[PDB]
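Observations on chain architecture
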Amino acid sequence: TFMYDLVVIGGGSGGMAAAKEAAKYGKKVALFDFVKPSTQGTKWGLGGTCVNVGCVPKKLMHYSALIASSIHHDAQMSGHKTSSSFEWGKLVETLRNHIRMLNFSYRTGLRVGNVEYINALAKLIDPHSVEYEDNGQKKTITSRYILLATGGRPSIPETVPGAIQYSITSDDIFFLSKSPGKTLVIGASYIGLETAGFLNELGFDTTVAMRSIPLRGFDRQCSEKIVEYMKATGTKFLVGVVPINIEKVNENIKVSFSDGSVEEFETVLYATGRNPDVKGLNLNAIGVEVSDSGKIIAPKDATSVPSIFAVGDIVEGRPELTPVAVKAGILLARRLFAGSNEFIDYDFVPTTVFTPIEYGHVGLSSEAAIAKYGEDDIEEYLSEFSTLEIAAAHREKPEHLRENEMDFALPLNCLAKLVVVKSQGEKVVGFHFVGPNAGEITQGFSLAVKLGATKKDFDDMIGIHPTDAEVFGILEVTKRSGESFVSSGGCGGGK
Amino acid sequence: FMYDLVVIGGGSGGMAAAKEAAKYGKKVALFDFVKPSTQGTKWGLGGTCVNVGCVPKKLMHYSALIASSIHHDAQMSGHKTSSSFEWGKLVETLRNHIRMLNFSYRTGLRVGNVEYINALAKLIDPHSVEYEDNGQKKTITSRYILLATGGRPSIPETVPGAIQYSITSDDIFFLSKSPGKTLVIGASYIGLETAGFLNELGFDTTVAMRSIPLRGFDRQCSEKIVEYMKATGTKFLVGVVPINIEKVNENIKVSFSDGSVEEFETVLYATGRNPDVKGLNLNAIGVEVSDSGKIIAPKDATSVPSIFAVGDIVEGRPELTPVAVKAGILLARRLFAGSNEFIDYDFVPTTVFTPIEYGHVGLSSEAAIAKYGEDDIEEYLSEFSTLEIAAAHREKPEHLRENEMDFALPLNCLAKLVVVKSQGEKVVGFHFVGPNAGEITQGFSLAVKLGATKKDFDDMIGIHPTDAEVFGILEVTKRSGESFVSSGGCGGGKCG
Ligand SMILES: Cc1cc2nc3c(=O)[nH]c(=O)nc-3n(C[C@H](O)[C@H](O)[C@H](O)COP(=O)(O)OP(=O)(O)OC[C@H]3O[C@@H](n4cnc5c(N)ncnc54)[C@H](O)[C@@H]3O)c2cc1C
Ligand SMILES: Cc1cc2nc3c(=O)[nH]c(=O)nc-3n(C[C@H](O)[C@H](O)[C@H](O)COP(=O)(O)OP(=O)(O)OC[C@H]3O[C@@H](n4cnc5c(N)ncnc54)[C@H](O)[C@@H]3O)c2cc1C
């Protein structure tokens, strides 16, 4: 008795997934998506945050970093003699051209999967209605179900003066027509670390402002190695120190600090966090119960209004990740229309940080596993080592960080770790890898864990040689045994 | 019994048995010696994988991998790059790192309390062996003996001018000379891999293939590899072997089985390997050796029950490092530390490091179609390009353009699951063609082994953006007959 079966307010990963899956069932779908311009005026097309100002551009930026390293460390050692200069402006061009492809690419995929895209803001009018603008004339449509999927945007703190007026965000940094030069990043979140990662690797004086600890939430050992690697590679780290003032001194940005120090940067980037973009939705009036944290309350993807659902960055007590959006979004479209009652096993969500060395994992940090099971049912088997090709390169620290005459070597680029449970035959509850291609490595092993692997199964695993992944077949050292888990020997993670 | 265990071979299998056996206060001798290659090459401790196998090759492959990115990628990511290449320096990096490992290993044996001796061994009876010392032959006795002398290349003695001229996989990493224009005879994993880095590193590289590429492995996956290498300037003479090789001045002229002729500055026989067992003096002792020369010991135990075998010399087992090692370790456990364990040879992963790497565990589409028939078999797969390379728009060299939209190198990635209808779609085949195959294949080898089903795979949460996440969204099938090409080109996985 409603104009539609399903309306979706948000053209993001979660958004477009639910829409297309819902449409695979002859069910009639509207989708809204409009890009409110950033605090610095930046704006873009269809696909959401992952296509535009997220995972897609990110990785191309990381890739162009990973390249630049090999060039500087590896190219000659592998017998390739090289000049190379870098133009920000062209890297941008490659991003915008590929992203443009995807914006278009996606519009089409919605049309072809038979979904009515409308480029316009939506605003909840009641349990089954929404309001938008059309030619600047406000029209209203009605649905059996509605999906909120609006994503978030960056939080620039309003108590630090000269932030909003000047500082850029994640939404602007892939597409600066201007190389950002000497750059302060405020954040030791996955984004900040990643973003201060490629600026450095791409040869820009990069400082990082860490209020306390790096990557709050993730496993401590693994995060402490990442920071150690990034210091070694020319990223500087002001811990316990945030900005308290930001001002324009000529064509530079002077940045007063909490400890009582000052510094000038050509570009400043607040990576401090994100707030769900739910303010224009008009929630509370409809009756959508939202947390103290602004995030919406809907842990089975269903709000306080049961004709209304939510997914992705906006819903509380779930990771903010693209595939987590998608699975939930697909399922919700199945559960409703195609007789299903599957929900995501949240106990098993892999992720990977693409820091200059990548960190992947599934399940519990050593810390979280020590709590749930106590430091007696907990055994930490690990091996820290160099991947063969990089062992051969003899990668060195930049001069300005040398302390002695045999100080040349970067840290070993890998660390593998399984955390397992004495009282469940050493059942595996934590899988963690710091290295190149951590995600490519993390993936296969996420499913073995989720199929209930033990250390027994791991050691009966036969290696692929040479790989860094094979180290998992021969972890024997332990935290409890206290002895050396280092492996200088360039045999690798197996023989 | 002067000893508890003697080992003739310092290879992967060899050194593993030794050092595990030694972890039990048991007294261990270990022999090595490197009989010089048909072209006079020789090296130190560690075996074929350290010296003239997986170690050097991966560094050579990496230096290739690099060369591509430089030529295809660098610019698009905004790095403008001049680059010329020095064969002699790549060598130097190999030699120096391998030297590190030769030494590195000696120490690991000493420190794990094992008596390494650099000289040839020769069986004298079920419990005795003979070597040379100052050129004076000395003899020792053991409770058990382990044969694992590895293999060496097979250069065919029927084709004239082969042995005197052609090189092998034991020469190629250390050539004092850049090989230039190179014929490789064999589309085995070696030949393919080796013609892979010579090409990527810019040497006119032809491959001479008696029949089909990578005999044994899954056909679709092998056919993509060859297709990718043709696209990148490797040439391929099918159904044609050499029948004559001669030195025409300072080049090598190479007459063919079809009639044709060609000159190379290099020929390399990758046609296979034979177990290095002829000097062991086996049959006299009573070691039953197969029609294939390989030894018969499928429980690592020979016809003489005081005598064992492991690695490339034992029959009906894959020619691999890790299979050597675990078998070698276990046998040292089974004997001396009260153990009953054998390798599950149903689940041995592998990765071919071709310009696109191919990994897999379990059955080729073909092998699964046989065992279970074309009804109980479902082939779910996806062809696509990894997002980084999608952005680069890698294009073909001009001389291989046939039309105006002929620019494309093939998609670099193919994922496939083979599963069994009648066991709830239980997964019996895992196959991946792309970059960081092996890195991808390994994790997935164990999940498969633990009895992953298609449903477990589709309920898998993904990491984005990776190529490996494609395994969480394979829906197309060979049987459904539809296109398995990428809806867009957004990595390996979709952003919604
Ligand atoms: C720098 C960065 C790197 C990241 N890297 C990764 C990564 O590597 N892997 C990963 O899995 N995730 C990554 N993410 C996270 C990923 O971007 C999010 O998990 C994902 O984009 C969330 O999708 P969503 O459907 O919730 O909406 P989003 O993808 O957040 O997109 C929201 C959309 O909602 C639309 N919208 C909002 N309000 C309205 C309205 N009123 N009417 C109509 N449309 C509206 C907007 O147009 C917008 O396009 C990254 C994020 C960032 C910022
Ligand atoms: C080019 C190439 C690449 C390869 N790549 C891979 C790969 O990527 N992955 C993989 O899993 N496998 C790979 N392999 C296979 C792998 O090298 C072998 O399966 C494995 O190393 C065999 O070990 P082994 O102990 O059986 O023999 P080997 O490792 O060859 O060692 C045997 C040793 O015995 C010595 N010896 C011989 N006769 C005597 C004697 N009378 N007395 C004393 N010592 C003696 C030999 O000289 C040698 O040092 C590759 C092989 C080659 C040639």
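Residues numbered from 1 in each chain as written, not as in the entry; some residues may be left out. Chains lettered and ligands numbered in written order. Heavy atoms only, no water.

Per the PDB record, the structure was determined using X-ray crystallography to 2.88 Å resolution.

1. Overview of unusual backbone geometry
The cut-off we apply is this: Put simply, DSSP marks the helices as runs of H or I at least four residues long and the strands as runs of E at least two long, and each gets a number from the N terminus on.
Between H465 of chain A and the following residue, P466 of chain A, the backbone shows a cis peptide bond with an omega angle of 0 degrees. Tracing the sequence through the fold places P466 of chain A in the loop between α11 (455–460) and β23 (486–487). The linkage connecting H464 of chain B with the following residue, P465 of chain B, adopts the cis geometry, with an omega of 5 degrees. Here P465 of chain B lies in the segment after α11 (454–459). The phi torsion at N135 of chain A lies on the positive side, around 70 degrees, for a residue other than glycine.

2. A word on the state of the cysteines
We count it as follows: By disulfide we mean two sulfur atoms from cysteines, separated by a distance within 2.5 Å. For every residue, the accessible area obtained with a 1.4 Å probe (protein chains only) is divided by the maximum for its type, and the residue is called buried under 20%, exposed over 50%, and partly exposed between those limits.
Per the stated rule, a full pass over the model turns up two disulfides over all chains. The disulfide bridge from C50 of chain A ends at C55 of chain A, spanning 2.1 Å between sulfur atoms. Taking the torsion about the S-S bond as the criterion, the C50 of chain A to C55 of chain A disulfide, at about -135 degrees, is left-handed. A disulfide bridge connects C49 of chain B with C54 of chain B, and the sulfur atoms are separated by 2.1 Å. Around the S-S axis, the bridge from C49 of chain B to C54 of chain B shows a dihedral of about -135 degrees and counts as left-handed. Left without a disulfide partner, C491 of chain A is nearest to the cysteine sulfur of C49 of chain B, which lies 9.8 Å away. Note on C491 of chain A: relative accessible area 21%, which makes it partly exposed. The structure places no disulfide on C413 of chain B, whose sulfur is separated from the nearest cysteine sulfur, that of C221 of chain B, by 12 Å. Assessed through its relative accessible area of 0%, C413 of chain B is described here as buried.

3. Details of the sheet that holds strand β13 (residues 252–254) of chain A
Residue and element names in this part refer to chain A. Quick reminder of the rule: A pair of strands counts as paired when DSSP detects no fewer than two bridges linking them.
Strands sit in the order β12-β13-β14 across an open sheet of three strands; the sheet is antiparallel. On the outer flanks of this sheet lie β12 (247–249) and β14 (264–265), each paired with one strand and no other. As defined by bridge partners, β13 adjoins β14 across two bridges and the pair is classed as antiparallel. Across the sheet, residue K254 finds its bridge partner in β14, namely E264.

4. Topic: the site of ligand 2
Basically, it comes down to this: Proximity criterion: a residue is near a molecule or strand once any of its heavy atoms comes within 4 Å of it. Contacts described as polar in this section are N or O atom pairs within 3.5 Å, which, within protein, must combine one atom able to donate a hydrogen with one able to accept it, while residues neighboring in sequence count only if both atoms come from side chains. Per-residue accessibility takes into account occlusion by the displayed protein chains alone, with areas from the Shrake-Rupley method and a 1.4 Å probe.
Near ligand 2, the surroundings consist of 35 residues, among which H465 of chain A together with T48, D276, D312 and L320 of chain B are the closest. More than one chain approaches ligand 2, the contributing ones being chains A and B. The backbone of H465 of chain A places a nitrogen or oxygen atom 2.7 Å from a nitrogen atom of ligand 2. Contacts to ligand 2 include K57 of chain B, whose side-chain N or O atom sits 3.1 Å from an oxygen atom. When isolated, ligand 2 has an accessible area of 1000 Å², and the protein chains bury 96% of it. Looking at the shell around ligand 2, the elements that each hand over two or more residues are α1 (12–22), β2 (28–32), α2 (48–52), α3 (54–72), α5 (189–200) and α7 (321–336) of chain B.

5. With respect to the interface of chain A and chain B
Here is the rule: Residue contacts are counted whenever heavy atoms from the two residues lie within 4.5 Å of one another. Here the quantity called buried area is the total loss of accessible area, with a 1.4 Å probe, experienced by two parts when brought into contact, counted for both. What makes a salt bridge here is a side-chain nitrogen of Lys or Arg within 4 Å of a carboxyl oxygen of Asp or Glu, nothing more. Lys, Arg, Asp and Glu make up the charged group, whereas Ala, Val, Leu, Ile, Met, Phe, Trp, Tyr, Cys and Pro make up the nonpolar group; the residues left over, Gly among them, are polar.
Taken residue by residue, the interface counts 95 residues in chain A and 91 residues in chain B. Of the roughly 7700 Å² buried between chain A and chain B on both sides combined, carbon and sulfur atoms contribute 64%. Broken down residue by residue, the surface that chain A buries against chain B is led by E440, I462 and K495 of chain A, which jointly contribute 11%. Inspection of the chain A/chain B interface yields two salt bridges. Its salt-bridge partner being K455 of chain B, residue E342 of chain A comes within 3.0 Å of it at the nearest N-O pair. Counting every contact that joins chain A to chain B gives 29 residue pairs in polar contact. Among the elements that line the side of chain A that touches chain B, the one with the most residues is helix α10 (residues 438–450) of chain A, at 11 residues. Residues of the side of chain A that touches chain B, tallied by class, amount to 45 nonpolar, 31 polar and 19 charged. Across seven bridges, the pairing between strand β3 (residues 80–86) of chain A and strand β3 (residues 79–85) of chain B is antiparallel.

6. Looking at the UniProt feature "binding site: NAD(+)" (unreviewed entry) in chain B
Residues and elements named next belong to chain B. Note the cut-off: UniProt positions are given in the numbering used here, feature names are shortened, and annotations may be inferred rather than shown by experiment.
Feature annotation in UniProt places "binding site: NAD(+)" (unreviewed entry) on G186, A187, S188, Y189, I190, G191, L192, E193 and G272, given in this structure's numbering. The largest pairwise C-alpha distance within this set of annotated residues, which runs over 87 residues, is 13.7 Å, so the set is compact in three dimensions. Here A187 lies in the loop between β9 (182–185) and α5. On the basis of relative accessibility, which here comes to 8%, the residue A187 falls in the buried class.

7. Observations regarding the pairing of strand β20 (residues 378–385) of chain A
Residues and elements named next belong to chain A. Among the eight residues that make up β20, eight are buried, leaving the element largely enclosed by the rest of the structure. Judged by which residues are buried, β20 turns out to be covered on both faces: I378, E380, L382 and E384 on one side and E379, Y381, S383 and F385 on the other are all buried. Sheet analysis places β20 next to strand β21 (residues 414–421), joined by eight bridges and oriented antiparallel. Pairing of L382 across the sheet is with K417, part of β21. Where β20 and β23 come together, two bridges link them in parallel fashion. Bridge pairing links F385 to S487 in β23.

8. A few points about the nonpolar core
Heads up, the condition is: We define a nonpolar core as any set of buried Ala, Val, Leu, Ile, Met, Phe, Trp, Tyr and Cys residues linked to one another through side-chain atoms lying within 4.5 Å.
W88, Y106, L147 and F174 of chain A are the most contacted members of the largest nonpolar core, which totals 79 residues. Looking at which element gives the most residues to this core, the answer is helix α4 (residues 88–112) of chain A, with eight residues. Apart from the residues lying within four places of it in its own chain, the contact partners of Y106 of chain A are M16, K20, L46, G47 and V51 of chain A together with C490 and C495 of chain B. Grouped together as the second largest cluster of nonpolar side chains are 74 residues, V28, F173, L198 and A270 of chain B included.

9. What to know about the UniProt feature "binding site: FAD 3" (unreviewed entry) in chain A
Residues and elements named next belong to chain A. Definition in use: The definitions used throughout rest on a 1 Å grid laid over the protein atoms alone, on which a cavity is an enclosed set of points accommodating a 1.4 Å probe that cannot get out and a pocket is an open set flanked by protein within 12 Å on both sides along at least five of seven lines; lining residues are those having an atom within 4 Å of a point.
According to UniProt, the "binding site: FAD 3" (unreviewed entry) feature falls on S13, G14, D33, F34, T49, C50, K58, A122, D313, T322 and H465. On the basis of their most widely separated C-alpha atoms, the annotated residues across 453 residues do not gather in one place, lying as much as 54.0 Å apart. In the annotated group above, the largest cavity draws its lining from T322. Looking at the element boundaries, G14 is found in helix α1 (residues 13–23). The residues touching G14, leaving out its near neighbours within four places in the chain, are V311, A325, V326 and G329. With respect to the element layout, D33 can be found in the loop between β2 (29–32) and α2 (49–53). With sequence-adjacent residues up to four places away left out, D33 is seen in contact with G10, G11, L46, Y117, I118, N119 and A120.

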